[PDB]
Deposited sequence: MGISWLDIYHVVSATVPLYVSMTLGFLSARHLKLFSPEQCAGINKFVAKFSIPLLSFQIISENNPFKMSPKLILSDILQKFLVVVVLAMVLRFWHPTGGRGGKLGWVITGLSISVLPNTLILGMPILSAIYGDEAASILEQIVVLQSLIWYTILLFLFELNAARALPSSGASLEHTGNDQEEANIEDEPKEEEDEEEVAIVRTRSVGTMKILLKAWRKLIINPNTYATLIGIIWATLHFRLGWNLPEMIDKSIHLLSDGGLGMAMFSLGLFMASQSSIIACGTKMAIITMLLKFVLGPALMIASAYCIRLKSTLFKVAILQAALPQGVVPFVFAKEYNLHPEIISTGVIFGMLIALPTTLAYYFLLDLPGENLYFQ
């Protein structure tokens, strides 16, 4: 609400768009980076910046003060989206497991690590910062882990003991699997035994992680410069990729946030963290398994350009 409060959001999103536009312009118009060089800037951002940035969000989580209702509310949204994606597909209006993972990656996996903290913190202050760290840990540890094992069922089933090992061979090498497993072994050791990182270790991690939230958008602009067409695939798959992340997604967190009885800041922060642009980690899997890679990208390169117009719509709605 208000008119100045609307400025605290535009002022917190523009910095994330100036970096995004300085990447797209540096790959299409300026012709500064060659296509193969653009894959090196993204690889460094996907293996050294994001994993190190997830260590500073997961480490400061206080696992001993994690709400049992919010955790049981995210577990309910995903289960209430499966029952919606496992029923709509039934009527289709077959290889349906292929079309489900594409629906569980476009709707219930928002970008909280990069866009969740800056945009939403500027909306609700520092009282909505710990409510998103609780999500980053769950998405990094469970949802991204329950999706990677759910992707492996399409590269094989098209038994099960040969799937978990085949999925565990891709987790033991994934950089984000060690930050999410060491960032929770340190948080449990720093908030209980009071073990604080030495200055050398702490600063050694900031040198790379500090420029990771602005670099994650520069790489995204570079990717948005790779896709020649702004909206790939027919428009019948571009309005269903935007009505599936900003309507069905949040409208099923409103059903789980009123059944688990979430109230107060914990409520208005959980329904707004869902109405955020789709994350790109799910797209990383898509290409790696060729599961509609061009249907998720359109949800990202177009889910980002409608990030501010729609965030203000749900922030206003949550204010009655």
**Report entry** Coordinate gaps, deposited numbering
**Finding:** 1-2, 96-100, 166-206, 369-376
